[PDB]
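Participant: The data below comprise the sequence and an experimental structure of the protein.
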Amino acid sequence: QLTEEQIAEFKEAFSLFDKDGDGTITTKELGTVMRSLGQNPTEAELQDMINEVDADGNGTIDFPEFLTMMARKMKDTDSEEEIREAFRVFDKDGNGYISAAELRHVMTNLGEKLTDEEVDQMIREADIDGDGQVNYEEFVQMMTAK
Amino acid sequence: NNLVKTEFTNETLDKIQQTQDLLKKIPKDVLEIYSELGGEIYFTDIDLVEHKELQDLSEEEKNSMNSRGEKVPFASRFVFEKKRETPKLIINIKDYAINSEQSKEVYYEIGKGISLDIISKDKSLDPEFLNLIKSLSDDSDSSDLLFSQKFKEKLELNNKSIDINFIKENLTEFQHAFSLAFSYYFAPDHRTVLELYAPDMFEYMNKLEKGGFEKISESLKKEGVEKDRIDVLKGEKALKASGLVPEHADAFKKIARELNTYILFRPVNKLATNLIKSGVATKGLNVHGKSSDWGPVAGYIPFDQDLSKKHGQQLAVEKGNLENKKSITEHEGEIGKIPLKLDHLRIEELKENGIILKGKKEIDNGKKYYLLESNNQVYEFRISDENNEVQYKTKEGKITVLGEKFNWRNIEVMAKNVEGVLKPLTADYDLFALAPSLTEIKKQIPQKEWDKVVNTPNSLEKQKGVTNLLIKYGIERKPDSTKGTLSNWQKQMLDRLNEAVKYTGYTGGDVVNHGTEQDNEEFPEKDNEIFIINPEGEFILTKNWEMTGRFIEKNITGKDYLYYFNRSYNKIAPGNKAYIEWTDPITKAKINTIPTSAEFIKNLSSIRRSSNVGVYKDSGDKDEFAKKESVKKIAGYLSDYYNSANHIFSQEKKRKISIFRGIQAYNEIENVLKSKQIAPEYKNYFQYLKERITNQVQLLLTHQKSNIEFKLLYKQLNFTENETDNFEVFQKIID
Ligand SMILES: Nc1ncnc2c1ncn2[C@@H]1O[C@H](COP(=O)(O)OP(=O)(O)OP(=O)(O)O)C[C@H]1O
Ligand SMILES: [Ca+2]
Ligand SMILES: [Ca+2]
Ligand SMILES: [Ca+2]
Ligand SMILES: [Mg+2]
Ligand SMILES: [Mg+2]
């Protein structure tokens, strides 16, 4: 049962992208309403939820129909949390940032021998803004981003 | 801690090739001693007189024992020691010369000594027979009454056998001798003069070079940390206030070690410790009555709530009972009530502990009764003889807060089932947390899964894959039939604890019934003192919510151990609407981060539920929509910042392509914030967002070029009609 708080958010976003301010949103729109909320259903998985409620110009969903769809994917997962704990783990030192130094230092205790070369590697591909380190933000990305 | 300090790189490779030649002749340790001693050596330029940034007033000249003879002509010195807390060696050098008449360096050498004498061994642990005895060799050990170099104006005193008798009187004097003994052992010229004259002091210093120095330099090192540590009380000093049952703590001592993991408990109540060792079972999840802290019942969970900590609170009793009753109603067969029975020992304890006072005997219905007394003025208590049952009633002139009035009745305490028999319930051991080592968790994943993951070619994939493993097999906490909400490894850790105190001779069941208080998300409690049992097996008891959060950063957090803290910290806990703070790293860096698309939208949502006015109203005003279109505009940039396709670019670019991305965001914010009426609640949020974007962009600058400031770089753009060259501009804007 999406919590009220968890609702106001799906409207503050559902609406924020309903350009022709009515009360329903296009398919493409739905994709955007989502990604913005931090998610990105496949350019094909994005139609399963919508195709299931074909009582519109066929390709449009109101608010109440979206408030529902946000179940099939959400009435189970509660992983956002754990992933934030993992982060606090590698961030060994406490700088809110995960340095390649520590990426390795932790990667080696869980039994994995990493090359001082291939670590700088990951750390690199994980950083999106260039500071050579990873923060929770980009870390969340790396992880969940399938 | 860099000991040497050269204030002026003036003179050529000669002041330098001279300061060096000096220091390289002193043992790498005499220094490591001076360093740990917080000393610092000062090699400035020419600063003869009190001109050195440290040659002012602090702890200067007071009494005249001064050099390799005394002289106190300050205007004529080049080497100095700031004696009082921390030693400060201060030396200068003029033109090319110390090697011709070395008698000039013998000072920068002794001048030092007084850096380590009085703190050396001479008086450093205390005078220890080592030196003390070596001093006795005034003249009666070796056939060498030669010490006309260190002992004259003060020690031409052969007439009195020098020992503990008077060696203290002149501590400084026995320094003026150790210092030369040192000057001579290292002076780049007169080496043997020592070995030739005084035969002992040589072999003394000699054994100092041989290791003697690496000694103290390790008695200060170790007494370096154990000196500036965290006040925690350890040993059976804490284990006292802790509350745990001693034989139990120790029993635990074993598992911490074997399984290598820190165990942390909240305060177990004192009035229950023995009851526990005694054999009394512990309160589980099934019961929610309040313990009691007075009268006999004390430490037991009375079926009557007006006989526990909440005596008088018409509501917590009138709601306490509601629970006991239900506790039995629901979980019948396991949760019941049984008549109180304070055994033999328990009594003599509520004695001095100051809870009851045994006395005046009495008879009633032909049975022997000892009127147990107390100061509580609402009930009367008394205990049987055959069976030592306990009974009470209201007094002949008073009434219950609930309004009841009853005569002598047995005091039923609460009790759970244990091997078919109901035993009375008392306080249990509530874990504040469990810190297993990251390696023990590795031993938790099945060798084939963790194997099937590191073969993945994709490095980025290998990181993710691993993390979810660590998460999966060691961070994830699910609910559980009996033991509340906890981790799996946590559960196994739970049993090993119980089975542990079970062989220690317990007979009341388990003593750890549920998970770690770091999952008590609903009604989190904040205890000051927290008993701990490290992996080595010591006992520690923080004193503060702080200390704990600190003793943990220092040993559990940043030390290869896996710990996670209450999801409700730094938030208001639904259940009891409580706010318990805990240093969270992630949040410690929000200050310098360009919010997320979704973190942004979320924030608006929030404020909408409070000022009941959204960033933009659903109206027809073409001014509103403008504001709308404009947040959508930020909700765009903001996520554009965190685009995962940033991998195909090079670091340099990343910062750039983003410093901009973010900049665009700052723009549109600025825009709106200079728009129509936007509730002053957003006015602020949006203001807060700025400081961030700013901060984040400044960080993305100090990684690249350095003078460039935000406020400026921004000023220098043109977001009027075209964004075209605006960006190219931005590049050059960085040269
Ligand atoms: N993992 C968990 N699952 C379920 N409940 C948990 C878990 N961890 C902690 N708790 C809850 O924490 C609670 C501890 O709070 P509290 O009962 O106020 O402690 P206390 O100070 O030892 O004694 P009182 O009963 O309050 O006098 C009891 C327990 O149900
Ligand atoms: Ca629409
Ligand atoms: Ca870090
Ligand atoms: Ca980064
Ligand atoms: Mg409790
Ligand atoms: Mg408990």
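Facilitator: Perfect, thanks for sending it. Numbering: from 1, shown residues only, chains lettered A, B, ... in the order given. Ligands and ions are numbered 1, 2, ... in the order given.
Participant: For residue B:717, which non-adjacent residue is spatially closest?
Facilitator: Once flanking residues are discounted, residue B:717 sits nearest to residue B:726: 5.7 Å by Cβ to Cβ, 6 or more residues apart in numbering or on different chains. C-betas here are computed from N, CA, C, even on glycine.
Participant: my guess is the one you found contacts residue B:716, does it?
Facilitator: No. Between residue B:726 and residue B:716 there is no contact under Cβ atoms under 8 Å: 10.0 Å.
Participant: returning to that earlier point: from chain A, how far out is the residue nearest to residue B:717?
Facilitator: 20 Å (Cβ to the nearest Cβ, to the nearest Å).
Participant: residues touching that residue, list them.
Facilitator: The contact partners of residue B:726, taken as Cβ atoms under 8 Å, 6 or more residues apart in numbering or on different chains, are B:717-719.
Participant: Ok, residue B:443 next?
Facilitator: By Cβ under 8 Å, 6+ apart, residue B:443 has no neighbours at all.
Participant: Name the surrounding residues that touch stretch B:652-660.
Facilitator: A:127-131, B:641, B:646, B:649, B:697, B:700-701, B:703-704, B:727, B:730-731, B:734.
Participant: is it true that residue B:682 touches residue B:607?
Facilitator: Yes. Using Cβ under 8 Å, residue B:682 is in contact with residue B:607, at 6.2 Å.
Participant: overlap in contacts of those two?
Facilitator: residue B:615.
Participant: Point out the other helices and strands that the host helix or strand of residue A:87 packs with.
Facilitator: Taking DSSP states H and E as the criterion, residue A:87 maps to helix A:79-90. Under the contact criterion of 3 or more Cβ pairs under 8 Å, 6 or more residues apart in numbering or on different chains; DSSP states H and E, helix A:79-90 touches helix A:100-107, helix A:136-144, helix B:459-470.
Participant: is any part of whatever helix or strand comes next after the longest one close to chain A?
Facilitator: What that stands for is helix B:459-470. Per DSSP H and E, the first helix or strand lying C-terminal to helix B:459-470 is strand B:477-478. No. Contact of strand B:477-478 with chain A (Cβ under 8 Å from any Cβ of the partner chain) is absent, the minimum separation being 8.6 Å.
Participant: Within the sheet, what are the partner strands of whichever helix or strand comes after strand B:477-478, with directions?
Facilitator: Following the chain from strand B:477-478 toward its C-terminal end, the next helix or strand by DSSP H and E is strand B:486-487. Strand pairing for strand B:486-487, using DSSP bridges, gives strand B:477-478 (antiparallel).
Participant: who touches stretch A:10-22?
Facilitator: Contacts of stretch A:10-22 (Cβ under 8 Å, 6+ apart): A:2, A:24-25, A:29, A:32-33, A:36-37, A:63, A:66-67, A:70, B:598, B:601-602, B:604-605, B:608, B:614, B:618, B:625, B:628, B:631-632, B:635.
Participant: Looking at the residues you listed, which are in strands?
Facilitator: When DSSP state E is applied, the contacts of stretch A:10-22 are split such that A:24-25 fall in strands.
Participant: among the contacts of stretch A:10-22, which are in helices?
Facilitator: Under the assignment DSSP state H, those contribute A:29, A:32-33, A:36, A:66-67, B:598, B:601-602, B:604-605, B:608, B:625, B:628, B:631-632, B:635 to helices.
Participant: So the residue lying closest to residue B:418 once chain neighbours are set aside: helix, strand or coil?
Facilitator: Closest residue in space to residue B:418, ignoring its immediate chain neighbours: residue B:509 at 4.4 Å, by Cβ to Cβ, 6+ apart. Following DSSP: H, G, I helix; E, B strand; the rest coil, residue B:509 is assigned to coil.
Participant: Pull the contacting residues for residue B:509.
Facilitator: Residue B:509 sits next to B:281-282, B:416, B:418, B:423 when contact means Cβ under 8 Å, 6+ apart.
Participant: Could I get those residues in JSON lines, plus columns for neighbour count and secondary structure?
Facilitator: Formatted as JSON lines, the contacts of residue B:509 follow (neighbours: other Cβ atoms under 10 Å in any protein chain shown; DSSP: H, G, I helix; E, B strand; the rest coil):
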{"residue": "B:281", "neighbour count": "26", "secondary structure": "strand"}
{"residue": "B:282", "neighbour count": "25", "secondary structure": "strand"}
{"residue": "B:416", "neighbour count": "22", "secondary structure": "strand"}
{"residue": "B:418", "neighbour count": "16", "secondary structure": "strand"}
{"residue": "B:423", "neighbour count": "19", "secondary structure": "strand"}
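Participant: Turn the residues you listed into TSV, including distance to residue B:81.
Facilitator: As requested, those are exported to TSV (distance: Cβ to Cβ, whole Å):
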residue	distance to residue B:81
B:281	67
B:282	63
B:416	71
B:418	71
B:423	71
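Participant: right, and out of those residues, which lies closest to ligand 1?
Facilitator: residue B:282 (10.3 Å; Cβ to the nearest ligand atom).
Participant: Now for the closest residue to the closest one other than its chain neighbours, which secondary structure element holds it?
Facilitator: In this structure, residue B:282 finds its nearest non-sequential neighbour in residue B:428, 3.3 Å apart by Cβ to Cβ, 6+ apart. Using DSSP H and E, residue B:428 is not contained in any helix or strand.
Participant: Residue B:428 contacts residue B:280, doesn't it?
Facilitator: No. Under the criterion of Cβ under 8 Å, residue B:428 is not in contact with residue B:280, lying 10.4 Å apart.
Participant: Settle it for me: which of residue B:682 and residue B:607 has more neighbours?
Facilitator: Neighbour count, other Cβ atoms under 10 Å in any protein chain shown: between residue B:682 and residue B:607, residue B:682 has more, with 23 against 19.
Participant: In which helix or strand does the more buried one reside?
Facilitator: helix B:680-699.
Participant: Which residue ranges make up the domains of the chain?
Facilitator: No chain was given, so I picked chain A. Domains of chain A are assigned by curated CATH domains as A:16-76, A:77-146.
Participant: switch to chain B, that's the one I care about
Facilitator: B:1-228, B:229-268+B:428-581, B:269-427, B:582-735.
Participant: can I get those in JSON lines with distance to residue A:118?
Facilitator: Formatted as JSON lines, the domains of chain B follow (distance: least, Cβ to Cβ, whole Å):
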{"stretch": "domain B:1-228", "distance to residue A:118": "35"}
{"stretch": "domain B:229-268+B:428-581", "distance to residue A:118": "6"}
{"stretch": "domain B:269-427", "distance to residue A:118": "47"}
{"stretch": "domain B:582-735", "distance to residue A:118": "15"}
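Participant: what's the closest of those domains to residue A:104?
Facilitator: If you check each of those against residue A:104 by Cβ to Cβ, domain B:229-268+B:428-581 wins as the nearest, at 10.8 Å.
Participant: Was I right to think residue B:242 contacts residue B:267?
Facilitator: Yes. With contact defined as Cβ under 8 Å, residue B:242 reaches residue B:267; the gap is 7.3 Å.
Participant: just the buried members of the contacts of residue B:726?
Facilitator: Burial by neighbour count, judged by 16 or more other Cβ atoms under 10 Å in any protein chain shown, picks out residue B:717 from these.
Participant: For ligand 3, state which of the contacts of residue B:726 is nearest.
Facilitator: Nearest to ligand 3 out of the contacts of residue B:726 is residue B:717 (Cβ to the ion; 33.3 Å).
Participant: SS state for that closest one?
Facilitator: Under three-state DSSP, residue B:717 falls in the coil class.
Participant: list the contacts for it?
Facilitator: Contacts of residue B:717 (Cβ under 8 Å, 6+ apart): B:663, B:726, B:729-730, B:733.
Participant: tell me the secondary structure for the residue nearest to residue B:717?
Facilitator: helix.
Participant: Quick check: it vs residue B:403, distance?
Facilitator: Separation of residue B:726 from residue B:403 (Cβ to Cβ, to the nearest Å): 81 Å.
Participant: Walk me through which strands the helix or strand hosting residue B:532 pairs with, and which way each runs.
Facilitator: In this assignment (DSSP H and E), residue B:532 forms part of strand B:530-533. Sheet pairing for strand B:530-533, assigned by DSSP bridges, gives strand B:261-265 (antiparallel), strand B:539-542 (antiparallel).
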